[PDB]
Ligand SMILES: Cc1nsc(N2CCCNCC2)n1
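As structure tokens, one chain now follows by itself in the form deposited without the ligand.
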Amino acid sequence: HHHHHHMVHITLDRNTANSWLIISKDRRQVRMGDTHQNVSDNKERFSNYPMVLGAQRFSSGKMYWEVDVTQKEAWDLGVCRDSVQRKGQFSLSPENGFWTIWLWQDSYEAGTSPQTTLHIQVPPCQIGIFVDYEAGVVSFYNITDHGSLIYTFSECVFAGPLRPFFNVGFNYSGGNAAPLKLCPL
């Protein structure tokens, strides 16, 4: 792919974070804490899952960013509508305003309804995410495997401003403590 030139500087929005997340001073890294991180509750925070949004909102154009997932066992990445549900249980699907992929139990899947099996020969350490708002496209790239395509959501009906979306996952196993990191341009 030749999407690198649409690179955008993404930062995390603390106010949307699950109350157990720890976001770095530069707002470029996030990990699961051991405990509640001593913040007040609000209507924006994701309650059920270790999720957080980027601060940036996109309503036009082409955007590209990269995320480091080194040594994690579980995570979700992509974009979502600014107005997605924050409280209670929900599925990651385009019907609910999410365009995502994930790792879970040694398999990679795209967040369609129902979910789609991905075919990855080289487990990624960094994922590239490309959004074309006008075209209705969200694509995922394997940066570890020379940028190979992972998955393309096409004919997307965004129906609102988009925000970068992250889930660090739970750490029941003790093998999933590592952070998600936004990689430099």
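Just count from 1 along the sequence shown to find any residue number.
This next part talks about the form solved in complex with the ligand, which is not shown.
**Student:** Answer for residue 118 alone: is it within 4.5 Å of the ligand in the bound PDB entry, judged on heavy atom distances?
**Tutor:** It does not: once the ligand is placed as it appears in the bound PDB entry, residue 118 has no heavy atom within 4.5 Å of it.
**Student:** Do residue 18 and the ligand come within 4.5 Å of each other in the bound PDB entry, heavy atoms counted?
**Tutor:** Residue 18 belongs to the contact set for the ligand.
**Student:** Even though the ligand is not shown here, does residue 32 get within 4.5 Å of it in the bound PDB entry, heavy atoms only?
**Tutor:** Yes, contact at 4.5 Å.
**Student:** Classify residue 148 as contacting or not contacting the ligand in the bound PDB entry by the rule of any non-hydrogen atom within 4.5 angstroms, answering yes or no.
**Tutor:** Flag for residue 148 set to no.
**Student:** Note that the ligand is not shown here; using its position in the bound PDB entry, name the residues of 160-185 with a heavy atom within 4.5 Å of it, in sequence order.
**Tutor:** Counting only heavy atoms within 4.5 Å of the ligand in the bound PDB entry, the contacting residues of 160-185 are 170, 172.
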